[PDB]
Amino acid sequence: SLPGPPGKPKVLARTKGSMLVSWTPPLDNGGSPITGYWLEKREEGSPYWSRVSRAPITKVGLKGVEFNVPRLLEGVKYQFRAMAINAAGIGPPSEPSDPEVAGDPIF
């Protein structure tokens, strides 16, 4: 009924204050269409997971569903996890992304 976990998110772009995060839809949507996703972040120095958007994320980019996470702090290390939403509710989280630091990218 609930959807399965989305794929492990990947950071596709970063700046000092943002990261473009992308993930694949779950293999099992639970039997009803997924209507959107929640994305949460966790930083170094805190155990908590925090939603990064006020409304569900739906944008499909080149590699998966994606969102540019704002309000990151330069030099801080973050991970992200995504949850799918369907008619039954919010599914379990993806595996967390590999850690990434907010900073500008290697040229």
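Start at 1 and count along the sequence shown; that's the residue number.
57-65 and 26-34 differ in mean CA B-factor, and the higher of the two is recorded for 26-34.
Higher mean CA temperature factor between 79-87 and 15-23: 79-87, per the PDB entry. Sort the modelled residues of the chain by CA B factor and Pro9 lands in the lowest third. Ranked by C-alpha B-factor against the other modelled residues of its chain, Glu40 falls in the lowest third.
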